[PDB]
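Be aware that the sequence shown starts at 2, since it is given in the entry's author numbering, and climbs by one per residue.
Note that the Cβ used here is the ideal one computed from N, Cα and C, for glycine as well.
Heads up: the structure comes next, in structure tokens.
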Amino acid sequence: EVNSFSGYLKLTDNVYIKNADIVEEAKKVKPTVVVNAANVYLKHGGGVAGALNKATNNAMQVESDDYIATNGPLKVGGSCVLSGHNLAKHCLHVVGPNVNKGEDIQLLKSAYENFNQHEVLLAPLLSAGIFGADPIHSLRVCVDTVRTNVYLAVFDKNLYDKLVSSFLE
Ligand SMILES: CNS(=O)(=O)c1cc2c(N[C@H](c3ccc4c(c3)S(=O)(=O)CCC4)C(C)C)ncnc2[nH]1
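Laid out in structure tokens, this is it:
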């Protein structure tokens, strides 16, 4: 079965959300696209990026290093398409702004705009966690920007409940 997402709550006609680990979702659903919360040099050193790379037994990092050698780094708000390995057909590496490192929160709209080149995506909440953006604001930018079908996996029941309550106000 293709893009077999289960147990999501539909927020809008094209945005769905689940309290789930994106790694486990990717292994079970086998989506056409999984989004990585990347940095500009595609160094998957921790957080969501480190977990997705570890689930590929480091194949994503080796492929990423070869992409950067030939193409140079990404820009904040930009993306590239690489292999999905065992997690998806493709991985869309998207760089959201890291507010904790002084990058502009306005680039979060440009980051979500990359999703619109793909019909269906499994994604994390961009710039949340240690990237420092307000997660309620990241969900609002996602809903306002993405026009294709996005399935957000947020691996924290406390944050999931706060996001659904924020959306339903
Ligand atoms: C890394 N540990 S894990 O168990 O594999 C995992 C964490 C995680 C996860 N965590 C959320 C999250 C969302 C975005 C970003 C991060 C974190 S970050 O801190 O890695 C910086 C990059 C942007 C968190 C808010 C609840 N969301 C979805 N599947 C996940 N899987």
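Pairing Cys81 with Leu93, the inter-Cα distance amounts to about 6 Å. Just measuring C-alpha positions, the residue of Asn40, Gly130, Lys31, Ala52 sitting nearest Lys76 is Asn40.
As far as DSSP is concerned, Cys143 takes part in no beta bridge. Under the rule that a run must span 3 or more residues, the beta strand (DSSP E) segments found entirely inside the stretch 109-166 read 121-124, 150-155. Proximity of the stretch 110-120 to the stretch 32-48 meets the contact definition, three or more beta-carbon pairs being nearer than 8 Å. The DSSP-derived three-state label of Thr71 is helix.
Remark: three or more beta-carbon pairs, one from each stretch, lie closer than 8 Å, so the stretch 144-160 and the stretch 17-25 are flagged as touching.
In this structure, DSSP gives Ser84 an extended state, which the three-state scheme calls strand. Assigned with DSSP and collapsed to three states, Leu169 falls in coil, not helix or strand. Within the stretch 7-55, the runs of alpha helix (DSSP H) at least 4 residues long that lie entirely inside it are, in chain order, 23-30. Put simply, the backbone Cα of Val16 is about 35 Å away from that of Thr71.
In this structure, DSSP gives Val100 a helical state, which the three-state scheme calls helix. In terms of Cβ geometry, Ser65 and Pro98 do not form a close pair [threshold 8 Å].
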